[PDB]
>>> print(open('query-v5.txt').read())   # compact mmCIF, C-alpha atoms
# COMPACT_ATOMS: atom_id res chain seq x y z
CA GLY O 1 50.71 92.56 46.21
CA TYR O 2 50.41 95.93 44.54
CA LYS O 3 53.85 97.46 44.11
CA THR O 4 54.08 101.12 45.10
CA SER O 5 57.07 101.55 42.80
CA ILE O 6 56.21 101.81 39.11
CA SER O 7 57.07 98.75 37.01
CA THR O 8 56.46 99.18 33.28
CA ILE O 9 56.77 95.46 32.48
CA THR O 10 54.73 96.07 29.34
CA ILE O 11 52.40 98.98 30.03
CA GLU O 12 52.72 101.93 32.39
CA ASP O 13 50.10 101.94 35.15
CA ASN O 14 49.82 102.21 38.93
CA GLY O 15 47.06 103.32 41.27
CA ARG O 16 44.74 105.66 39.36
CA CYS O 17 41.16 104.53 38.89
CA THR O 18 40.12 100.99 38.06
CA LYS O 19 38.55 100.21 34.69
CA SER O 20 36.37 97.39 35.99
CA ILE O 21 34.52 96.27 39.07
CA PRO O 22 34.65 97.89 41.45
CA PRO O 23 35.19 101.23 39.62
CA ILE O 24 37.08 103.30 42.16
CA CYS O 25 40.26 105.35 42.28
CA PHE O 26 41.91 102.84 44.58
CA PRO O 27 44.44 100.02 43.83
CA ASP O 28 41.87 97.23 44.18
CA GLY O 29 39.83 95.24 41.69
CA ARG O 30 37.86 92.02 41.46
CA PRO O 31 39.22 89.40 39.00
>>> encode(input="query-v5.txt", output="structure tokens")
Amino acid sequence: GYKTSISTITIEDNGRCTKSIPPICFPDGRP
């Protein structure tokens, strides 16, 4: 589901580190 290619639909973001649970520098997060 996560697009590798950047897509600034409103804000610029991709990969990096999550700002929620679980806090990890991986493209995965719990809703």
>>> axis_aligned_box(input="query-v5.txt", around="range 13-16 of chain O", padding_each_side="6 Å", output="lines of an AutoDock Vina configuration file")
center_x = 47.4
center_y = 103.8
center_z = 38.2
size_x = 17.4
size_y = 15.7
size_z = 18.1
>>> residues_around(input="query-v5.txt", residues="residue 27 in chain O", least_positions_apart="5", cutoff="8 Å", atoms="only C-alpha atoms", output="list in words")
residues 2, 14, 15, 16, 17 and 18 of chain O
>>> residues_around(input="query-v5.txt", residues="residue 30 in chain O", least_positions_apart="3", cutoff="9 Å", atoms="only C-alpha atoms", output="number ranges by chain")
O: 20-22
>>> atom_distance(input="query-v5.txt", atom1="CA of residue 29 in chain O", atom2="CA of residue 8 in chain O")
19.0 Å
